[PDB]
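**Student:** Show me the folded form of this:
(chains A and B)
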Amino acid sequence: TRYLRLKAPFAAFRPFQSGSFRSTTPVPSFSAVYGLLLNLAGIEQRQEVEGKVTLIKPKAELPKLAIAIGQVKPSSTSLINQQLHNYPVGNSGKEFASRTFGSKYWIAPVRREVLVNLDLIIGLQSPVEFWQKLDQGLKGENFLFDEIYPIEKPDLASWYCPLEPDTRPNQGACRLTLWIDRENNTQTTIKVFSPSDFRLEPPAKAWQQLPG
DNA sequence: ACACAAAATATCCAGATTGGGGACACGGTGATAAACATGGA
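**Tutor:** Numbers count the residues shown, from 1 in each chain, chains lettered A, B, ... in the order given. See below for the structure:
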């Protein structure tokens, strides 16, 4: 129905299972977008549990919505190499096995990278109740978001759309994730996405319906 | 203490000359360290 714009000076979207060296994507993943939308709604996550894993999210009940992503200006990236919180991968021993109070004791720096600027025009098709809840949360009683204001109708920009095995893409993102829980599952099938540069509204294929 | 008148025409430099000779650095060195990940019985 109605959509909104946002911007931020710095951002970072680390792909999962990156390993030692971290990376990022020019466009935030769908799951991160959904998490941001849920956080702004003022509704907490369905899971309240603590342990080895803390993403136990059954899909039994969750508001339905369709999400599109826009991009107005390409952004470069930079890298910083300071420190990282290592997880032991070797038998190791000594001091780590002595104290053992949330130890994470071994430390070794490698790398990581961040973005230079972010400005997106996010598109949402949601029921009226969810939009009203968002309005109440924004107006009522990690350097990721700076400010938000709905300027839907003006300020056109490019969009993204999945591509079928034909022709060739340009300036396309590497990987994208729809739904994921950090345990044994099938992850997501569709990975490749490409942008299209045209002024008017995105096509019907651009909108993607999230299972959650 | 009254009135009247308060300059006019010619001319305002000419030559010769504006540097020459020698030299523009020599040696010695150009970081050194610590911070593991997988296999077979």
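**Student:** What residues does chain A have near DNA strand B?
**Tutor:** A:86, A:88-91, A:108-109 (Cβ under 7 Å from any atom of the strand). Backbone N, C-alpha and C define where each C-beta goes, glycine included.
**Student:** let's go with 6 Å and repeat that
**Tutor:** Residues of chain A lying near DNA strand B by Cβ under 6 Å from any atom of the strand: A:89-91, A:108-109.
**Student:** If you rank those residues by neighbours, which is first?
**Tutor:** The most neighbours of any of the residues of chain A next to DNA strand B, using other Cβ atoms under 10 Å, belong to residue A:109, which has 11 neighbours.
**Student:** That one against residue A:84, yeah?
**Tutor:** Yes - in this structure, residue A:109 is within contact of residue A:84 by Cβ atoms under 8 Å, at 5.5 Å.
**Student:** Apart from its neighbours in sequence, what residue is nearest the spatially most central residue of chain A?
**Tutor:** Chain A has residue A:32 as the residue nearest its centroid, 2.4 Å off, counting by Cα atoms, centre = their mean. With sequence-adjacent residues excluded and distances taken as Cβ to Cβ, 6 or more residues apart in numbering, residue A:32 is closest to residue A:13, at 6.1 Å.
**Student:** which SS class is the one you found?
**Tutor:** Following DSSP: H, G, I helix; E, B strand; the rest coil, residue A:13 is assigned to coil.
**Student:** what do you get for residue A:148?
**Tutor:** Under three-state DSSP, residue A:148 comes out as strand.
**Student:** neighbours of residue A:67, just the number please.
**Tutor:** When neighbours are counted by other Cβ under 10 Å, residue A:67 registers 19.
**Student:** Repeat that for residue A:199.
**Tutor:** Neighbour tally, residue A:199, other Cβ under 10 Å: 7.
**Student:** That one: what's it in contact with?
**Tutor:** residue A:156 (Cβ atoms under 8 Å, 6 or more residues apart in numbering).
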